[PDB]
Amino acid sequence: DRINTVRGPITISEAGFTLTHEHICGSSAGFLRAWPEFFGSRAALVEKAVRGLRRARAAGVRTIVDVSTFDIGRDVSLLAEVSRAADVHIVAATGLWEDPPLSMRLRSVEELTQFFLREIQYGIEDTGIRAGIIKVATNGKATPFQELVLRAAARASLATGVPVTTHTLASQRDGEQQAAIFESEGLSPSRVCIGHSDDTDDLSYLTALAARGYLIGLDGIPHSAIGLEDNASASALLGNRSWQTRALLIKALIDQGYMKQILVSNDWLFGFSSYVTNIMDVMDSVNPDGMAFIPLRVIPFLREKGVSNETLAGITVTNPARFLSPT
């Protein structure tokens, strides 16, 4: 059994400590190729990501799952470059996020299923690099096209065994509808992570997903604008709940019996052009540890609050492997 990474297949044991929702760069299709100066340069972006993934690896990370799709401007050659230089495995994604272009938005369920299966089974672009996860998104009630996306992701997963991970607007409880669509296609909830679930404190929502077998993506732990004076765009993005508040949802779900269904991540990036200018600077001041925030700050916080080392290892190592390994 093997997981596809940007440097090829790896064994389950090789994945190790895995961050399940991360990005090298949050962009748009074609954007880094057309406007590399937006990032300084392409080399500057590469160097920043290598440095950050090095720091993460020193803190114990072995693999990240880059959940950048086509419409986040995923550049698998950029991921392979960074992966080789930092010695951190990167799993790439297929699927569609919240910014599909017209050439995607006009497609049928069958067509999209073809595209997702191309990326899982054949390769991304002309690279031969295969995705190891399918990423999808809603922000409230699904648009007609997003329902097609969710159905195509389910079809792709059913044919291949690769899991599905989601973006939600957690305040709208989107995982409810997402689950409904997925289940209508026959997808097992154990193949699905409902992401950005740490953006809500609603335990009735979180446990109702976990009770049916979903994995719960508590994937934005360091996202917080607390004590950012009067920066409306950072507040709108990051929220005003503390990282501790978010991290305590890990403990909460442990305490309810769902330790095997928890997936934790930073949802960090090294470049971010699909938001306001200089947001990466703002984010990096909030969390200078970047992708190392989970091991360096979250794990010790949870140990101080009484969570066991063994439970945290199961969450950071066992759960990601179970989720990623195709089934």
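Residue numbers here begin at 1 and follow the sequence given.
Taking the mean C-alpha B-factor of each stretch as recorded, 65-73 and 284-292 are not equal, and the higher mean is that of 284-292. Stretch comparison (257-265 versus 45-53) by mean CA B-factor in the PDB entry places 45-53 on top. Across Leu187, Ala152, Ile124, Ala225, the entry's maximum B-factor at the CA atom is seen for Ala225. Ranked against the other modelled residues of its chain, the C-alpha B-factor of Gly217 as given in the entry falls in the lowest third. Ranked within its chain, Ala142 lands in the middle third, by CA B factor from the PDB record.
Among the modelled residues of its chain, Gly239 has a C-alpha B-factor that falls in the highest third according to the deposited record.
Among all modelled residues in its chain, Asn278 ranks in the highest third by Cα B-factor. When the modelled residues of the chain are ordered by C-alpha B-factor, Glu81 sits in the highest third.
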